[PDB]
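Heads up, query-v7.txt below (compact mmCIF, C-alpha atoms and all ligand atoms):
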```
# COMPACT_ATOMS: atom_id res chain seq x y z
CA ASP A 1 -3.43 -39.49 -7.82
CA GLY A 2 0.34 -39.31 -7.25
CA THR A 3 0.11 -35.50 -7.33
CA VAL A 4 -0.26 -33.10 -4.39
CA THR A 5 -2.48 -30.00 -4.26
CA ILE A 6 -1.47 -26.93 -2.24
CA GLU A 7 -3.31 -23.60 -1.91
CA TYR A 8 -1.92 -20.11 -2.41
CA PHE A 9 -4.14 -17.38 -0.95
CA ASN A 10 -3.51 -14.24 -3.01
CA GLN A 11 -4.36 -10.63 -2.16
CA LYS A 12 -2.42 -9.11 -5.07
CA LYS A 13 -5.48 -8.78 -7.32
CA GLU A 14 -3.73 -6.48 -9.81
CA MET A 15 -1.06 -9.12 -10.45
CA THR A 16 -3.39 -12.13 -10.75
CA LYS A 17 -2.55 -12.89 -14.40
CA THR A 18 1.24 -12.82 -13.95
CA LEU A 19 1.11 -14.83 -10.70
CA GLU A 20 -0.98 -17.53 -12.42
CA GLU A 21 1.64 -17.66 -15.20
CA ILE A 22 4.44 -18.06 -12.63
CA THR A 23 2.35 -20.76 -10.92
CA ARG A 24 1.93 -22.56 -14.27
CA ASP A 25 5.71 -22.39 -14.77
CA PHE A 26 6.20 -23.90 -11.29
CA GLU A 27 3.73 -26.70 -12.11
CA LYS A 28 5.55 -27.44 -15.38
CA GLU A 29 8.80 -27.85 -13.43
CA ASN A 30 7.15 -29.71 -10.54
CA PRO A 31 4.74 -32.29 -12.09
CA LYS A 32 3.88 -33.84 -8.70
CA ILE A 33 2.67 -30.47 -7.37
CA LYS A 34 -0.51 -28.56 -8.24
CA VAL A 35 -1.12 -25.07 -6.84
CA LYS A 36 -4.60 -23.60 -6.38
CA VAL A 37 -4.52 -19.80 -6.60
CA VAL A 38 -7.34 -18.26 -4.55
CA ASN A 39 -8.65 -14.77 -5.37
CA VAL A 40 -11.79 -14.29 -3.27
CA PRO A 41 -13.60 -10.97 -2.53
CA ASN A 42 -13.18 -9.61 1.02
CA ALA A 43 -9.98 -11.67 1.25
CA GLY A 44 -8.84 -10.22 4.59
CA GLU A 45 -12.09 -11.19 6.33
CA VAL A 46 -12.15 -14.63 4.68
CA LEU A 47 -8.57 -15.21 5.86
CA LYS A 48 -9.47 -14.15 9.42
CA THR A 49 -12.40 -16.60 9.38
CA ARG A 50 -10.20 -19.43 8.10
CA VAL A 51 -7.38 -18.78 10.59
CA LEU A 52 -9.82 -18.83 13.53
CA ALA A 53 -11.20 -22.12 12.19
CA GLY A 54 -7.67 -23.51 11.81
CA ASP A 55 -8.20 -23.91 8.06
CA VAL A 56 -5.07 -21.97 7.08
CA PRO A 57 -4.08 -21.94 3.36
CA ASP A 58 -0.70 -23.56 2.65
CA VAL A 59 0.87 -20.33 1.36
CA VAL A 60 -0.70 -17.04 2.45
CA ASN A 61 -0.23 -13.58 0.95
CA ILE A 62 -0.27 -11.59 4.20
CA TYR A 63 1.17 -8.12 4.79
CA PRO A 64 3.98 -8.55 7.37
CA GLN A 65 3.26 -5.32 9.25
CA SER A 66 -0.39 -6.25 9.87
CA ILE A 67 -1.68 -6.89 13.39
CA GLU A 68 -2.95 -10.20 11.97
CA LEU A 69 0.54 -11.44 11.03
CA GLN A 70 1.90 -10.26 14.41
CA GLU A 71 -0.81 -12.00 16.45
CA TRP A 72 -0.95 -15.15 14.31
CA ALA A 73 2.85 -15.47 14.32
CA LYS A 74 2.77 -15.43 18.14
CA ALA A 75 -0.09 -17.97 18.15
CA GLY A 76 2.01 -20.37 16.06
CA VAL A 77 -0.17 -20.18 12.93
CA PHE A 78 2.82 -19.76 10.60
CA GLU A 79 6.00 -21.75 9.96
CA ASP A 80 9.30 -20.40 11.32
CA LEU A 81 11.31 -19.40 8.25
CA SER A 82 14.32 -18.00 10.12
CA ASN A 83 16.67 -20.81 9.07
CA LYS A 84 15.56 -21.30 5.45
CA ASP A 85 18.28 -21.32 2.78
CA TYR A 86 16.15 -19.26 0.37
CA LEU A 87 15.81 -16.45 2.93
CA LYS A 88 19.38 -15.36 2.10
CA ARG A 89 17.96 -14.04 -1.19
CA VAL A 90 16.20 -11.26 0.75
CA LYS A 91 18.35 -8.12 1.02
CA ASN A 92 17.87 -4.78 2.83
CA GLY A 93 17.41 -6.99 5.92
CA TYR A 94 13.77 -6.80 4.90
CA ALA A 95 12.72 -10.23 6.20
CA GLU A 96 14.16 -9.45 9.66
CA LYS A 97 12.35 -6.09 9.59
CA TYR A 98 9.00 -7.75 10.34
CA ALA A 99 10.38 -10.41 12.71
CA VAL A 100 8.09 -11.54 15.53
CA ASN A 101 9.90 -12.57 18.74
CA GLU A 102 13.08 -12.29 16.64
CA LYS A 103 11.83 -14.97 14.23
CA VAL A 104 10.99 -14.60 10.53
CA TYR A 105 7.48 -15.74 9.55
CA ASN A 106 7.07 -13.92 6.23
CA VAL A 107 9.04 -13.52 2.99
CA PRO A 108 8.49 -9.91 1.76
CA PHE A 109 9.53 -10.09 -1.90
CA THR A 110 8.40 -6.54 -2.72
CA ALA A 111 7.64 -3.32 -0.84
CA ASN A 112 4.74 -1.03 -1.71
CA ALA A 113 4.93 2.78 -1.60
CA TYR A 114 2.39 5.62 -1.72
CA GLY A 115 2.37 8.91 -3.64
CA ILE A 116 0.72 10.90 -6.44
CA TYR A 117 0.57 9.64 -10.02
CA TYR A 118 0.80 12.51 -12.52
CA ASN A 119 0.65 13.14 -16.28
CA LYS A 120 4.12 14.26 -17.39
CA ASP A 121 2.89 15.33 -20.84
CA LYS A 122 0.13 17.60 -19.51
CA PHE A 123 2.37 18.93 -16.72
CA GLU A 124 4.98 20.06 -19.26
CA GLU A 125 2.20 21.36 -21.54
CA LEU A 126 0.63 23.55 -18.85
CA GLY A 127 4.00 24.57 -17.38
CA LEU A 128 3.42 22.76 -14.07
CA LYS A 129 6.09 21.36 -11.75
CA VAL A 130 6.23 18.68 -9.04
CA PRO A 131 5.50 20.40 -5.66
CA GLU A 132 8.13 20.37 -2.91
CA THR A 133 5.94 21.94 -0.20
CA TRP A 134 2.30 21.82 0.95
CA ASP A 135 1.81 25.39 -0.30
CA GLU A 136 3.16 24.46 -3.75
CA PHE A 137 0.81 21.45 -3.82
CA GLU A 138 -2.12 23.77 -3.03
CA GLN A 139 -1.08 26.15 -5.83
CA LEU A 140 -0.53 23.30 -8.32
CA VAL A 141 -4.13 22.12 -7.84
CA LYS A 142 -5.46 25.68 -8.21
CA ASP A 143 -3.40 26.27 -11.37
CA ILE A 144 -4.82 23.11 -12.98
CA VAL A 145 -8.40 24.22 -12.22
CA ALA A 146 -7.60 27.65 -13.69
CA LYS A 147 -6.35 25.96 -16.88
CA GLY A 148 -9.72 24.19 -17.08
CA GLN A 149 -8.45 20.70 -16.22
CA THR A 150 -9.35 18.24 -13.44
CA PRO A 151 -6.47 17.85 -10.90
CA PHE A 152 -7.50 14.64 -9.13
CA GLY A 153 -9.30 11.38 -9.67
CA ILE A 154 -10.66 10.21 -6.30
CA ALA A 155 -12.33 6.85 -5.66
CA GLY A 156 -15.05 8.12 -3.30
CA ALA A 157 -16.53 4.62 -3.03
CA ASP A 158 -13.16 3.10 -2.09
CA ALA A 159 -11.98 4.80 1.11
CA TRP A 160 -8.88 2.56 1.31
CA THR A 161 -7.33 4.46 -1.62
CA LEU A 162 -6.69 7.49 0.60
CA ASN A 163 -5.25 5.50 3.53
CA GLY A 164 -1.70 6.38 2.46
CA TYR A 165 -2.61 10.04 1.85
CA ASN A 166 -3.86 10.82 5.36
CA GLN A 167 -1.12 8.70 6.95
CA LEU A 168 1.48 10.83 5.15
CA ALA A 169 -0.50 13.95 6.09
CA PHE A 170 0.13 13.09 9.75
CA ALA A 171 3.67 11.83 9.06
CA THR A 172 4.80 15.07 7.39
CA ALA A 173 2.96 17.13 10.01
CA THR A 174 4.67 15.40 12.95
CA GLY A 175 8.07 14.54 11.45
CA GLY A 176 7.78 10.80 10.75
CA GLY A 177 5.97 7.51 11.41
CA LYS A 178 6.78 7.17 15.12
CA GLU A 179 5.84 10.82 15.69
CA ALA A 180 2.52 10.27 13.88
CA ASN A 181 1.63 7.30 16.10
CA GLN A 182 2.70 9.27 19.18
CA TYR A 183 0.06 11.88 18.34
CA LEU A 184 -2.67 9.45 17.26
CA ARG A 185 -2.19 6.08 18.94
CA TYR A 186 0.00 6.51 22.03
CA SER A 187 -1.54 9.80 23.16
CA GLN A 188 -4.12 10.16 25.95
CA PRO A 189 -7.83 9.33 25.33
CA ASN A 190 -9.52 12.29 23.60
CA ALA A 191 -6.14 14.02 23.20
CA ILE A 192 -6.71 14.83 19.52
CA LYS A 193 -8.28 18.29 19.23
CA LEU A 194 -9.19 20.68 16.39
CA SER A 195 -7.03 23.40 17.99
CA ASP A 196 -3.91 21.20 17.80
CA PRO A 197 -1.29 22.61 15.35
CA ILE A 198 -0.66 19.05 14.13
CA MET A 199 -4.39 18.62 13.48
CA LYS A 200 -4.49 21.97 11.64
CA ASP A 201 -1.61 20.78 9.43
CA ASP A 202 -3.42 17.49 8.79
CA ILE A 203 -6.55 19.41 7.73
CA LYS A 204 -4.40 21.65 5.51
CA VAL A 205 -3.03 18.59 3.68
CA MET A 206 -6.48 16.98 3.45
CA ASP A 207 -7.93 20.27 2.17
CA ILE A 208 -5.71 19.94 -0.92
CA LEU A 209 -8.26 17.34 -2.06
CA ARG A 210 -11.09 19.77 -1.25
CA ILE A 211 -9.87 22.71 -3.36
CA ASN A 212 -12.65 24.09 -5.58
CA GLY A 213 -13.03 21.89 -8.67
CA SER A 214 -10.20 19.53 -7.68
CA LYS A 215 -12.06 16.26 -8.25
CA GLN A 216 -13.81 14.67 -11.24
CA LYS A 217 -17.58 14.65 -11.79
CA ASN A 218 -19.33 11.79 -9.95
CA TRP A 219 -16.24 11.09 -7.83
CA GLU A 220 -18.42 10.34 -4.78
CA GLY A 221 -19.48 6.98 -6.24
CA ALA A 222 -16.34 6.33 -8.31
CA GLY A 223 -14.31 3.17 -7.63
CA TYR A 224 -10.63 2.19 -7.76
CA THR A 225 -11.09 0.82 -11.30
CA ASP A 226 -12.96 3.94 -12.46
CA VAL A 227 -10.17 6.26 -11.30
CA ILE A 228 -7.47 4.11 -12.93
CA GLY A 229 -9.43 4.53 -16.18
CA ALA A 230 -9.93 8.27 -15.60
CA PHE A 231 -6.19 8.87 -15.14
CA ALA A 232 -5.15 6.56 -17.99
CA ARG A 233 -7.45 8.32 -20.47
CA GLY A 234 -6.10 11.66 -19.23
CA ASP A 235 -9.41 12.90 -17.80
CA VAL A 236 -7.59 13.73 -14.55
CA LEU A 237 -3.97 14.88 -14.29
CA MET A 238 -3.24 13.25 -10.91
CA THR A 239 -4.42 10.43 -8.66
CA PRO A 240 -3.21 9.57 -5.10
CA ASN A 241 -2.61 5.82 -4.75
CA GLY A 242 -0.04 3.16 -3.87
CA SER A 243 2.58 1.65 -6.19
CA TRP A 244 0.18 -1.28 -6.67
CA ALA A 245 -1.89 0.73 -9.16
CA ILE A 246 0.72 1.34 -11.88
CA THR A 247 0.36 -2.17 -13.37
CA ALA A 248 -3.39 -1.57 -13.79
CA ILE A 249 -2.76 1.91 -15.23
CA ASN A 250 -0.28 0.49 -17.77
CA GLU A 251 -2.86 -2.13 -18.80
CA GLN A 252 -5.21 0.70 -19.82
CA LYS A 253 -2.52 1.82 -22.30
CA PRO A 254 -2.17 5.58 -21.52
CA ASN A 255 -1.18 7.95 -24.33
CA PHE A 256 1.28 9.86 -22.12
CA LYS A 257 4.35 9.39 -19.92
CA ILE A 258 3.43 8.59 -16.32
CA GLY A 259 5.33 10.09 -13.39
CA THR A 260 4.99 9.98 -9.60
CA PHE A 261 5.87 12.37 -6.78
CA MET A 262 5.97 11.95 -3.00
CA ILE A 263 3.53 13.91 -0.84
CA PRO A 264 5.66 16.92 0.25
CA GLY A 265 6.23 18.27 3.75
CA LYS A 266 5.75 21.84 4.99
CA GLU A 267 9.19 22.82 3.65
CA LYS A 268 11.47 21.60 0.85
CA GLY A 269 13.04 18.17 1.41
CA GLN A 270 10.49 17.00 4.00
CA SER A 271 8.62 14.58 1.72
CA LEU A 272 7.84 11.03 2.89
CA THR A 273 6.37 7.78 1.58
CA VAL A 274 4.59 4.93 3.39
CA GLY A 275 4.49 1.18 2.76
CA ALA A 276 5.47 -2.37 3.72
CA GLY A 277 5.67 -5.89 2.24
CA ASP A 278 3.44 -6.14 -0.84
CA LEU A 279 3.97 -9.56 -2.38
CA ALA A 280 4.69 -11.18 0.99
CA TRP A 281 4.12 -14.87 1.70
CA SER A 282 3.79 -16.96 4.86
CA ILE A 283 3.54 -20.75 5.22
CA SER A 284 0.96 -22.53 7.38
CA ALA A 285 2.50 -24.32 10.37
CA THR A 286 -0.17 -27.01 9.99
CA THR A 287 0.20 -27.53 6.22
CA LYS A 288 -0.21 -31.16 5.15
CA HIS A 289 2.45 -30.55 2.49
CA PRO A 290 5.32 -28.43 3.97
CA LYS A 291 7.90 -29.54 1.38
CA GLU A 292 5.69 -28.37 -1.50
CA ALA A 293 4.77 -25.09 0.22
CA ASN A 294 8.45 -24.28 0.84
CA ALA A 295 9.19 -25.23 -2.79
CA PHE A 296 6.60 -22.72 -4.02
CA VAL A 297 8.05 -19.94 -1.84
CA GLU A 298 11.62 -20.87 -2.85
CA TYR A 299 10.59 -20.63 -6.51
CA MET A 300 9.45 -17.01 -6.09
CA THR A 301 12.80 -16.05 -4.51
CA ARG A 302 14.59 -17.03 -7.74
CA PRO A 303 15.97 -13.96 -9.63
CA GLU A 304 14.57 -15.04 -13.01
CA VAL A 305 11.13 -15.61 -11.45
CA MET A 306 10.93 -12.32 -9.52
CA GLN A 307 12.16 -10.46 -12.62
CA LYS A 308 9.05 -11.70 -14.45
CA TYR A 309 6.86 -10.39 -11.61
CA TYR A 310 8.77 -7.11 -11.23
CA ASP A 311 8.62 -6.29 -14.96
CA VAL A 312 4.82 -6.20 -14.67
CA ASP A 313 4.31 -5.02 -11.07
CA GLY A 314 7.10 -2.43 -10.78
CA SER A 315 7.14 -2.08 -6.97
CA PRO A 316 10.59 -2.07 -5.24
CA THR A 317 11.91 -5.58 -4.57
CA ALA A 318 14.19 -6.91 -1.82
CA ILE A 319 15.11 -10.03 -3.82
CA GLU A 320 18.71 -10.48 -5.01
CA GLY A 321 19.68 -10.43 -8.69
CA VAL A 322 16.61 -8.50 -9.87
CA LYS A 323 17.28 -5.64 -12.29
CA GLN A 324 15.26 -2.61 -11.18
CA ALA A 325 14.14 0.29 -13.38
CA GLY A 326 15.98 3.63 -13.62
CA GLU A 327 14.91 7.24 -13.04
CA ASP A 328 12.75 7.28 -16.19
CA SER A 329 10.26 4.77 -14.74
CA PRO A 330 6.75 5.94 -13.63
CA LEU A 331 7.32 4.90 -9.99
CA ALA A 332 10.71 6.68 -9.85
CA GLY A 333 9.41 9.65 -7.84
CA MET A 334 7.34 7.54 -5.43
CA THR A 335 9.99 4.87 -4.86
CA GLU A 336 13.16 6.98 -4.86
CA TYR A 337 13.54 6.59 -1.08
CA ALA A 338 12.50 2.93 -0.89
CA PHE A 339 14.11 1.01 2.01
CA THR A 340 15.25 4.23 3.71
CA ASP A 341 14.13 6.26 6.75
CA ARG A 342 11.83 8.26 4.44
CA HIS A 343 9.97 5.02 3.65
CA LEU A 344 8.03 4.49 6.89
CA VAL A 345 5.92 1.42 7.70
CA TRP A 346 2.11 1.55 7.58
CA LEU A 347 0.89 3.17 10.80
CA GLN A 348 -1.66 0.39 11.42
CA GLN A 349 1.32 -1.77 12.42
CA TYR A 350 0.44 -0.45 15.89
CA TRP A 351 -3.35 -0.29 15.43
CA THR A 352 -6.05 -2.92 16.02
CA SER A 353 -7.76 -2.05 12.71
CA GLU A 354 -7.60 0.47 9.85
CA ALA A 355 -11.01 0.31 8.14
CA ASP A 356 -12.43 3.17 10.22
CA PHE A 357 -9.38 5.33 9.47
CA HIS A 358 -10.14 4.93 5.76
CA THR A 359 -13.77 5.90 6.42
CA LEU A 360 -13.08 9.12 8.35
CA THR A 361 -10.46 10.12 5.76
CA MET A 362 -12.85 9.80 2.80
CA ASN A 363 -15.81 11.12 4.82
CA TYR A 364 -13.91 14.40 5.24
CA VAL A 365 -13.26 14.65 1.48
CA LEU A 366 -17.01 14.08 1.08
CA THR A 367 -18.25 16.55 3.70
CA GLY A 368 -15.48 18.85 4.94
CA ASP A 369 -16.59 18.35 8.55
CA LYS A 370 -13.41 19.18 10.49
CA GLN A 371 -14.74 18.62 14.02
CA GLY A 372 -16.50 15.49 12.73
CA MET A 373 -13.15 14.10 11.55
CA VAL A 374 -11.51 15.02 14.88
CA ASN A 375 -14.40 13.24 16.64
CA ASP A 376 -14.00 10.23 14.33
CA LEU A 377 -10.27 9.98 15.12
CA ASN A 378 -10.90 9.91 18.88
CA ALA A 379 -13.69 7.33 18.46
CA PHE A 380 -11.25 5.17 16.48
CA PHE A 381 -8.20 5.45 18.73
CA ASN A 382 -9.83 5.55 22.19
CA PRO A 383 -10.64 1.76 22.22
CA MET A 384 -6.97 1.01 21.46
CA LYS A 385 -5.75 3.12 24.39
CA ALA A 386 -7.96 1.17 26.82
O1 LIG A 401 -3.40 1.28 2.08
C1 LIG A 401 -4.15 0.14 1.64
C2 LIG A 401 -3.45 -1.15 2.07
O2 LIG A 401 -2.05 -1.08 1.74
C3 LIG A 401 -1.30 -2.27 2.05
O3 LIG A 401 -1.71 -3.44 1.33
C4 LIG A 401 -1.22 -3.40 -0.02
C5 LIG A 401 -2.36 -3.80 -0.95
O4 LIG A 401 -3.13 -2.64 -1.30
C6 LIG A 401 -4.29 -2.92 -2.09
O5 LIG A 401 -5.25 -3.76 -1.42
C7 LIG A 401 -6.17 -2.95 -0.69
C8 LIG A 401 -7.47 -3.72 -0.50
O6 LIG A 401 -8.20 -3.16 0.59
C9 LIG A 401 -9.47 -3.76 0.88
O7 LIG A 401 -9.31 -5.12 1.30
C10 LIG A 401 -9.28 -5.38 2.71
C11 LIG A 401 -10.65 -5.16 3.36
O8 LIG A 401 -11.69 -5.67 2.52
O9 LIG A 401 -8.31 -4.54 3.36
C12 LIG A 401 -7.25 -5.33 3.94
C13 LIG A 401 -5.90 -4.66 3.77
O10 LIG A 401 -5.76 -4.12 2.45
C14 LIG A 401 -7.33 -6.68 3.27
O11 LIG A 401 -6.90 -7.72 4.16
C15 LIG A 401 -8.80 -6.81 2.92
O12 LIG A 401 -9.00 -7.62 1.76
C16 LIG A 401 -10.37 -3.71 -0.36
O13 LIG A 401 -11.60 -4.39 -0.10
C17 LIG A 401 -9.67 -4.34 -1.57
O14 LIG A 401 -10.47 -4.15 -2.74
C18 LIG A 401 -8.30 -3.72 -1.79
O15 LIG A 401 -7.61 -4.46 -2.81
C19 LIG A 401 -3.87 -3.56 -3.41
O16 LIG A 401 -5.03 -3.89 -4.19
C20 LIG A 401 -3.03 -4.81 -3.16
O17 LIG A 401 -2.54 -5.33 -4.40
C21 LIG A 401 -1.87 -4.53 -2.21
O18 LIG A 401 -0.88 -3.74 -2.88
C22 LIG A 401 -1.38 -2.55 3.55
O19 LIG A 401 -0.68 -3.75 3.87
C23 LIG A 401 -2.85 -2.68 3.97
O20 LIG A 401 -2.95 -2.90 5.39
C24 LIG A 401 -3.65 -1.45 3.56
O21 LIG A 401 -3.27 -0.32 4.36
```
As structure tokens - that is how I would like this structure written.
Amino acid sequence: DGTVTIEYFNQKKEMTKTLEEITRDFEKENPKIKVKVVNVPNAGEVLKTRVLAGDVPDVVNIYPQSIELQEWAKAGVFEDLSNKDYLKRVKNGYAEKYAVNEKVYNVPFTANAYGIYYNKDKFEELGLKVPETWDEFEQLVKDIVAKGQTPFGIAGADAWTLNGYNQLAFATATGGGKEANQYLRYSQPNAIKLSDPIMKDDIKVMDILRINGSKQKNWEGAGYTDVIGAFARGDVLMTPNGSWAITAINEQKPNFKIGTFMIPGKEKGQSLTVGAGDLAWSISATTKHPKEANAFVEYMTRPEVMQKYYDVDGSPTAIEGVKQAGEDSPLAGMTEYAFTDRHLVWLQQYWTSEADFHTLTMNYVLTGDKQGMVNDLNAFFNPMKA
């Protein structure tokens, strides 16, 4: 053979094409190395299965805030990257941010954010403005309905799309990420009640997606791809999603300027965003080819390589020498406070799972059962407290 085959386990499905191009560039420069890019459905569950078996892919796209990364890093599943030369290319101290036992196990090239995509053209046309408060967000939705347009595209079949929305609902209601987890995670069993002012505020924010005529027809069974199409064609004026979606929206070739805005707080200047490492790689500690795996990770840290990724993806990067877009970019509003205190880490950093949080979030948008949602939250968080 002479050549060596390593595996990269990808979870960035929106960026598959570009990542395969980068991989092909790496292979052209490293003839003795072949990289197998894996894009399997239910990737998180497949990864969990493979880690338990000890069949860890050479390079793994794992989110560095996840309970998986934390637990697997402690178990010695991943290579210690603390003293790698290429790690100096990571700024914002972003690699050290997700350190486990004060050791780096993941290279977070980019950070994802969450907000509301909006149609700039239609907003200007209808005389609408970006909301700065909850009340203004309520009124914005109502004004759009009154003008005979659909405010939101919601992927009712994909509950994960509203993960960031409800997390920011709690974040803005409490005052931040730590305050949100104090109410939800580190509270007493069955502490979350309907009568709680924080819970009332959460419902108020969630009820923005329940305003009369706020969602598109057949939203209940609509998917992530469907909603991307709906927004891109201009069928809906807004869609709540992460910064991961913009690349897919751009691919649909919209006939308008795209903007984003952060989910506002109760008052002006209380808006927040949520996210962590997006394109974030870890190396197997039991890789048969550690030199090749490190070489693949090193390649991605190069400024001319990340620039190629960034120009398609668009999410904020922590890599040195990468030219980032200005204030005219679609993600400008969502990613204005990237790598600051207003950019809090995913709340499931301190949870055992997140799937059920997605479910209860979307189930409320489907039903409007307030007590049911309160009940769902307690049923989700109680097992973690014991
Ligand atoms: O808020 C959602 C998500 O945000 C961070 O990951 C960034 C990630 O978002 C998108 O992938 C979402 C992904 O969700 C589902 O996949 C699973 C479960 O099947 O969920 C796990 C975490 O996302 C993952 O391990 C599993 O594969 C869903 O089935 C799948 O279709 C979706 O793609 C986006 O597509 C991707 O490019 C990234 O930007 C955060 O780290 C996550 O914990 C989560 O909160």
Please identify every residue of region 144-216 of chain A that has at least one atom no farther than 12 Å from an atom of region 248-266 of chain A, counting all atoms listed in the file, and for each give the shortest atom pair and the distance in Å to one decimal, arranged by chain then increasing number, as JSON lines.
```
{"residue": "A:164", "atom": "CA", "partner": "A:263", "partner_atom": "CA", "distance": 9.7}
{"residue": "A:165", "atom": "CA", "partner": "A:263", "partner_atom": "CA", "distance": 7.7}
{"residue": "A:166", "atom": "CA", "partner": "A:263", "partner_atom": "CA", "distance": 10.1}
{"residue": "A:167", "atom": "CA", "partner": "A:263", "partner_atom": "CA", "distance": 10.5}
{"residue": "A:168", "atom": "CA", "partner": "A:263", "partner_atom": "CA", "distance": 7.0}
{"residue": "A:169", "atom": "CA", "partner": "A:263", "partner_atom": "CA", "distance": 8.0}
{"residue": "A:170", "atom": "CA", "partner": "A:265", "partner_atom": "CA", "distance": 10.0}
{"residue": "A:171", "atom": "CA", "partner": "A:265", "partner_atom": "CA", "distance": 8.7}
{"residue": "A:172", "atom": "CA", "partner": "A:265", "partner_atom": "CA", "distance": 5.1}
{"residue": "A:173", "atom": "CA", "partner": "A:265", "partner_atom": "CA", "distance": 7.2}
{"residue": "A:174", "atom": "CA", "partner": "A:265", "partner_atom": "CA", "distance": 9.8}
{"residue": "A:175", "atom": "CA", "partner": "A:265", "partner_atom": "CA", "distance": 8.8}
{"residue": "A:176", "atom": "CA", "partner": "A:265", "partner_atom": "CA", "distance": 10.4}
{"residue": "A:198", "atom": "CA", "partner": "A:266", "partner_atom": "CA", "distance": 11.5}
{"residue": "A:201", "atom": "CA", "partner": "A:266", "partner_atom": "CA", "distance": 8.7}
{"residue": "A:202", "atom": "CA", "partner": "A:266", "partner_atom": "CA", "distance": 10.8}
{"residue": "A:204", "atom": "CA", "partner": "A:266", "partner_atom": "CA", "distance": 10.2}
{"residue": "A:205", "atom": "CA", "partner": "A:263", "partner_atom": "CA", "distance": 9.2}
{"residue": "A:206", "atom": "CA", "partner": "A:263", "partner_atom": "CA", "distance": 11.3}
{"residue": "A:208", "atom": "CA", "partner": "A:263", "partner_atom": "CA", "distance": 11.0}
```
Report task. List all protein, DNA and RNA residues that have any atom at most 6 Å from ligand LIG 401 (chain A), counting all atoms listed in the file, and write the list as an NGL selection string. Result -> :A and (12-14 or 42-44 or 63 or 160 or 163-164 or 244 or 278)
Residues of region 81-177 of chain A within 8 Å of region 288-303 of chain A: nearest atom pair and distance (Å, one decimal) for each, counting all atoms listed in the file, sorted by chain and number, as a tab-separated table?
```
residue	atom	partner	partner_atom	distance
A:86	CA	A:298	CA	5.8
A:89	CA	A:301	CA	6.5
A:90	CA	A:301	CA	7.9
A:109	CA	A:301	CA	7.3
```
Query raised in the report: Can you list, as a ChimeraX atom specification, every protein, DNA or RNA residue that comes within 12 Å of residue 355 (chain A) when you count all atoms listed in the file, leaving out same-chain residues fewer than 5 positions away?
Result: /A:44-45,158-163,348,360-362,377,380
Query - From A:271, A:5, A:282, A:216, residue lying nearest residue 95 (chain A) [only C-alpha atoms] - result: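 Closest to residue 95 (chain A) of all the choices is A:282.
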Report task. Considering all atoms listed in the file, state which residue in the set A:1, A:74, A:381, A:222 is at the smallest distance from residue 350 (chain A). Result -> A:381
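Separating CA of residue 352 (chain A) from CA of residue 281 (chain A) is a distance of 21.2 Å.
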Query raised in the report: Could you pull the residues within 9 Å of region 338-344 of chain A, counting only C-alpha atoms, minus those fewer than 2 positions along the same chain, as a PyMOL selection string?
Result: chain A and resi 92+94+111-113+171+176-178+270-276+316+318+334-336+346-347
Keeping only C-alpha atoms, write the selected residues to a file as a PDB file, in the coordinates of the input.
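As written to disk, part24.pdb reads:
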```pdb
ATOM      1  CA  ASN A  92      17.870  -4.780   2.830  1.00  0.00           C
ATOM      2  CA  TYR A  94      13.770  -6.800   4.900  1.00  0.00           C
ATOM      3  CA  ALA A 111       7.640  -3.320  -0.840  1.00  0.00           C
ATOM      4  CA  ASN A 112       4.740  -1.030  -1.710  1.00  0.00           C
ATOM      5  CA  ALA A 113       4.930   2.780  -1.600  1.00  0.00           C
ATOM      6  CA  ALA A 171       3.670  11.830   9.060  1.00  0.00           C
ATOM      7  CA  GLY A 176       7.780  10.800  10.750  1.00  0.00           C
ATOM      8  CA  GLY A 177       5.970   7.510  11.410  1.00  0.00           C
ATOM      9  CA  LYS A 178       6.780   7.170  15.120  1.00  0.00           C
ATOM     10  CA  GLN A 270      10.490  17.000   4.000  1.00  0.00           C
ATOM     11  CA  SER A 271       8.620  14.580   1.720  1.00  0.00           C
ATOM     12  CA  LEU A 272       7.840  11.030   2.890  1.00  0.00           C
ATOM     13  CA  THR A 273       6.370   7.780   1.580  1.00  0.00           C
ATOM     14  CA  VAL A 274       4.590   4.930   3.390  1.00  0.00           C
ATOM     15  CA  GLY A 275       4.490   1.180   2.760  1.00  0.00           C
ATOM     16  CA  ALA A 276       5.470  -2.370   3.720  1.00  0.00           C
ATOM     17  CA  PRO A 316      10.590  -2.070  -5.240  1.00  0.00           C
ATOM     18  CA  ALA A 318      14.190  -6.910  -1.820  1.00  0.00           C
ATOM     19  CA  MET A 334       7.340   7.540  -5.430  1.00  0.00           C
ATOM     20  CA  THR A 335       9.990   4.870  -4.860  1.00  0.00           C
ATOM     21  CA  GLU A 336      13.160   6.980  -4.860  1.00  0.00           C
ATOM     22  CA  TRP A 346       2.110   1.550   7.580  1.00  0.00           C
ATOM     23  CA  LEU A 347       0.890   3.170  10.800  1.00  0.00           C
TER      24      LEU A 347
END
```
**Report entry** Nearest to residue 333 (chain A), chosen from A:120, A:210, A:91, A:268, with all atoms listed in the file counted in the distances
**Finding:**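 Answer, going by the shortest atom-to-atom distance: A:120.
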Query raised in the report: Can you tell me how far CA of residue 117 (chain A) sits from CA of residue 215 (chain A), in Å to one decimal?
Result: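 Rounded to one decimal, the two atoms are 14.4 Å apart.
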Query - Atom pair CA of residue 374 (chain A) / CA of residue 182 (chain A): separation (Å) - result: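 Spanning CA of residue 374 (chain A) to CA of residue 182 (chain A) is a straight-line distance of 15.9 Å.
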